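Structure record follows, encoded as structure tokens.
Below, all heavy atoms of this structure are taken into account, side chains as well, without hydrogens, waters or symmetry copies. Convention: sequence-line order gives letters A, B, ...; per-chain numbering from 1.
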Number of protein chains: 2
Amino acid sequence: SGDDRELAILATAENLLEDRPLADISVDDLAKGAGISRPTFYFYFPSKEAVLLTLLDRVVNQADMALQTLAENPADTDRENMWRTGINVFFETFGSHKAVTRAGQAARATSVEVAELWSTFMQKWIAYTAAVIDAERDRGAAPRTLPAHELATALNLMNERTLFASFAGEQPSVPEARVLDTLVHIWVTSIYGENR
Amino acid sequence: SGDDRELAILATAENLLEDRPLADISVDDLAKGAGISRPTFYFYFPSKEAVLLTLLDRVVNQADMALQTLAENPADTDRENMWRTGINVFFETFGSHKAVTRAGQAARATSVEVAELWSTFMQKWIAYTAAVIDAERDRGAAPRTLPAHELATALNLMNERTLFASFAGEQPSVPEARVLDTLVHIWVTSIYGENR
Ligand SMILES: CCCc1cc(C(=O)n2cc3cnn(CCO)c3c2)no1
Ligand SMILES: CCCc1cc(C(=O)n2cc3cnn(CCO)c3c2)no1
């Protein structure tokens, strides 16, 4: 069937990207994994690059839907926990799909569609962050220091670079078992910290 | 002469990278700019990729030497200024060589030598940051909150990603005229901010 063969292709690709990068994975490898022929592959996708775009789109929307769920239901907690739970959506969602994350970031250089997808969602997440900061200031809990959108931008770019370094075991990187605490500290201190 | 023709090659390359990426720049373009023949080019460098490595090495060492100069002579100032002056070395050095910065970051994906160069200097800068944090804690000015090396790592990765986004005018990015204040705020609040 249609959905079924498409889903097999996507599953095969996610599995193979755990062992090697996209440039070392052939359309034949994808077709063989999904139990189809090569020209049947080309009915569902034009290129192996398109398969990666679809996988990345799935993961990014997963994160975005999780964040939306959280935005609807507040945990009954203190401000530090509020931010930890939110950053954790990204830590768990992308950390549960490390191969797709790593491949997707590398594709930003060579694929205008992948760059645009990542840009679009980063803008959305920055805007949301800035809206929460603005709410915290309006209720008197956070000081009016930097422009909230500029602060949100830098904190979100920190998380993009730091999470993906950690997941890839780059040198340098924060260890994966430390990265959530590290990021939460920097978000909380910079959002709530006053000018001396 | 030897140094002279090498320097012309490097100058030509830095000029051409302002207009286009390395993949659209030929060895003939480099040789023509430097007033030499193609095989004379190959006496001084093996590839256009090697030229970029040399340019990047120059810029990274420029920044590192500037930071060393600062580490020798303290400004007579408050703590926020101490960090601003130091972050400004990177803002001015890389911001004065935007084409080389942009090309060098893109080459990290395809060049093990470029990745290793950037890794080596990031480790050095992180270690230095962490040593200053540790000094600030030992004198009683900064609280003992996160592991200083993990904090330094995330702050330095923030700056890498945020500065290069700003210089490239990426969407999203902090405007270049705002990025120094934004980064300094987040470093100062996270280094000096207490646990509530
Ligand atoms: C590979 C992860 C890329 C990434 C992570 C993040 C991130 O950690 N966040 C996006 C956010 C939008 N809102 N929040 C916290 C809101 O409480 C967010 C954190 N932004 O980009
Ligand atoms: C394209 C710039 C990449 C970059 C910038 C930085 C950076 O902003 N810094 C490196 C640092 C080492 N020490 N400091 C501040 C010390 O007072 C530093 C800031 N690290 O990597």
Side-chain angles (χ1 to χ4, degrees), chain A residues 1-2 5-18 20-68 89-128 156-157 159-168 170, chain B residues 21 23-24 102 105-110 161 164-165 168-170 172-173:
Chain A
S1 46
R5 281 184 269 174
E6 209 188 299
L7 288 175
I9 293 168
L10 286 168
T12 300
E14 183 159 27
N15 269 75
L16 295 177
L17 283 165
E18 283 139 42
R20 50 187 187 281
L22 190 61
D24 297 1
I25 294 173
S26 61
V27 168
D28 188 34
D29 296 332
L30 298 183
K32 188 200 169 228
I36 63 185
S37 76
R38 196 185 171 85
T40 295
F41 171 93
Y42 286 108
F43 180 83
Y44 293 101
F45 295 101
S47 47
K48 68 187 173 173
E49 286 82 14
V51 181
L52 178 53
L53 173 69
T54 301
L55 286 173
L56 182 63
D57 179 277
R58 193 157 67 185
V59 174
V60 162
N61 276 283
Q62 191 186 348
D64 191 62
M65 294 185 68
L67 188 65
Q68 285 176 241
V89 162
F90 294 82
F91 176 70
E92 287 294 334
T93 306
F94 289 93
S96 294
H97 300 282
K98 289 180 192 165
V100 169
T101 298
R102 163 175 83 243
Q105 292 299 298
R108 286 168 65 184
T110 58
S111 170
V112 168
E113 303 106 296
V114 172
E116 287 179 3
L117 172 65
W118 191 255
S119 181
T120 292
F121 276 79
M122 289 295 285
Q123 292 172 236
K124 191 177 180 180
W125 298 333
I126 292 168
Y128 181 64
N156 279 279
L157 291 176
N159 284 17
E160 178 194 296
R161 182 73 184 91
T162 307
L163 291 171
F164 302 155
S166 288
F167 292 150
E170 295 186 357
Chain B
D24 297 1
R102 163 175 83 243
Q105 292 299 298
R108 286 168 65 184
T110 58
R161 182 73 184 91
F164 302 155
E170 295 186 357
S173 61

- Item | side-chain hydrogen bond (donor to acceptor under 3.5 Å, both in side chains) partners for A:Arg38, two or more places apart | A:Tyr42
- Task: Tell me, please, which residues at least two apart from A:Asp29 pass salt bridge (charged side-chain N to carboxylate O under 4.0 Å, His left out).
- Result: A:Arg20
- Assess whether side-chain contact (heavy atoms from CB on, under 4.5 Å) is satisfied between A:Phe91 and A:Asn159, documenting all intermediate values. CA-CA 9 Å; A:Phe91 176 70; A:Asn159 284 17; over 6 Å; no
- Spell out, as yes or no, whether a donor-acceptor pair under 3.5 Å connects the side chain of A:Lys48 to the backbone of A:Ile25. yes
- Item | Evaluation steps, salt bridge (charged side-chain N to carboxylate O under 4.0 Å, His left out), between B:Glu170 and B:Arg161 | CA-CA 11 Å; B:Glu170 295 186 357; B:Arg161 182 73 184 91; 3.1 Å; yes
- Item | Cationic N near anionic O, under 4.0 Å, A:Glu14 to A:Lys98 | no
- Message: If the condition is ring-ring contact (aromatic ring centres under 6.0 Å, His included), which residues does A:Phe164 pass it with, not counting sequence neighbours?
- Response: A:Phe94, A:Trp118
- Query: With A:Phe43, which residues qualify under ring-ring contact (aromatic ring centres under 6.0 Å, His included), at least two apart?
  - Reply: none
- Message: Any side-chain to backbone donor/acceptor pair from A:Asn61 onto A:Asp57? Under 3.5 Å, distance only.
- Response: yes
- Note on the structure: CD (A:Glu116) and OG (A:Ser111) are apart, to the nearest 0.5 Å, by 8.5 Å
- Close side-chain approach of A:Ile36 and A:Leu30, heavy atoms under 4.5 Å: no
- Shortest non-hydrogen separation from A:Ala31 to A:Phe41 and the atoms involved: CB-CB, 4.4 Å
- Message: Between A:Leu52 and A:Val114, does the side-chain contact (heavy atoms from CB on, under 4.5 Å) criterion hold? Intermediate values first, please.
- Response: CA-CA 9 Å; A:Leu52 178 53; A:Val114 172; 5.6 Å; no
- Message: Main chain of A:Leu17, side chain of A:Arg102: is a donor-acceptor contact present, judged purely on distance under 3.5 Å?
- Response: yes
- Is there a donor-acceptor pair under 3.5 Å between the side chain of A:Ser119 and the backbone N or O of A:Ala115? no
- side-chain hydrogen bond (donor to acceptor under 3.5 Å, both in side chains) partners for A:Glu92, two or more places apart: none
- Heavy-atom closest contact (A:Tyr44 atom, A:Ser1 atom, distance): OH-O, 3.5 Å
- Query: What's the spacing between A:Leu117 CG and A:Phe121 CZ if we round to 0.5 Å?
  - Reply: 6.0 Å
- Across all chains, not counting sequence neighbours, the side-chain hydrogen bond (donor to acceptor under 3.5 Å, both in side chains) partners of A:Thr54 are none
- Task: Answer yes or no: is there a donor N or O on one side and an acceptor on the other, between the side chain of A:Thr93 and the main chain of A:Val89, under 3.5 Å?
- Result: yes
- Item | Evaluation steps, side-chain contact (heavy atoms from CB on, under 4.5 Å), between A:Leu10 and A:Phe45 | CA-CA 10 Å; A:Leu10 286 168; A:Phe45 295 101; 4.0 Å; yes
- Polar side chain donor-acceptor pair, A:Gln105 to A:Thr101, under 3.5 angstrom: no
- Output for pair (A:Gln62 CD, A:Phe90 CZ), nearest 0.5 Å, gives 11.0 Å
- Specify the closest pair of heavy atoms between A:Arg58 and A:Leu7, including all atoms of both residues, with the distance to one decimal. NH1-CD2, 4.0 Å
